[PDB]
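Working notes, beginning with the structure itself.
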Amino acid sequence: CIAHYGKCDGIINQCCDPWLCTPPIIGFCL
């Protein structure tokens with residue numbers, strides 16, 4: 001579910017760690 005500090009698809013806000021994916025469109029989970 002998105003590696004630590006990994007890129008996110010956007011539609012999938014299910015980011016286990018570290019916290020949440022932002023922006024909800026395209027960015028990095030922090």
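Each chain in the structure tokens gets a letter, A, B, ..., in the order shown, and its residues are numbered from 1; ligands are numbered from 1 in order too.
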
Quiz item: Which polymer residues have any atom within 10 Å of an atom of segment 12-14 of chain A, counting only C-alpha atoms, with same-chain residues fewer than 5 positions away left out, as a ChimeraX atom specification?
Solution: /A:1-2,19-25,29

The selected residues should be written to file as a PDB file, in the first residue's frame (atoms: C-alpha atoms).
```pdb
ATOM      1  CA  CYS A   1       0.000   0.000   0.000  1.00  0.00           C
ATOM      2  CA  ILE A   2       2.393   2.679  -1.251  1.00  0.00           C
ATOM      3  CA  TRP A  19       0.415   8.964   7.248  1.00  0.00           C
ATOM      4  CA  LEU A  20      -1.741  10.068   4.315  1.00  0.00           C
ATOM      5  CA  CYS A  21      -1.223  10.796   0.618  1.00  0.00           C
ATOM      6  CA  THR A  22      -1.195  14.478  -0.337  1.00  0.00           C
ATOM      7  CA  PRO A  23      -2.256  15.923  -2.500  1.00  0.00           C
ATOM      8  CA  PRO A  24      -5.139  13.475  -3.087  1.00  0.00           C
ATOM      9  CA  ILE A  25      -4.394  13.750  -6.806  1.00  0.00           C
ATOM     10  CA  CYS A  29       2.713  10.066   1.145  1.00  0.00           C
TER      11      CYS A  29
END
```

Exercise. Going by DSSP on the backbone, which bits of chain A are strand (DSSP E)? Write them as a PyMOL selection string, please.
Key: chain A and resi 21-22+28-29
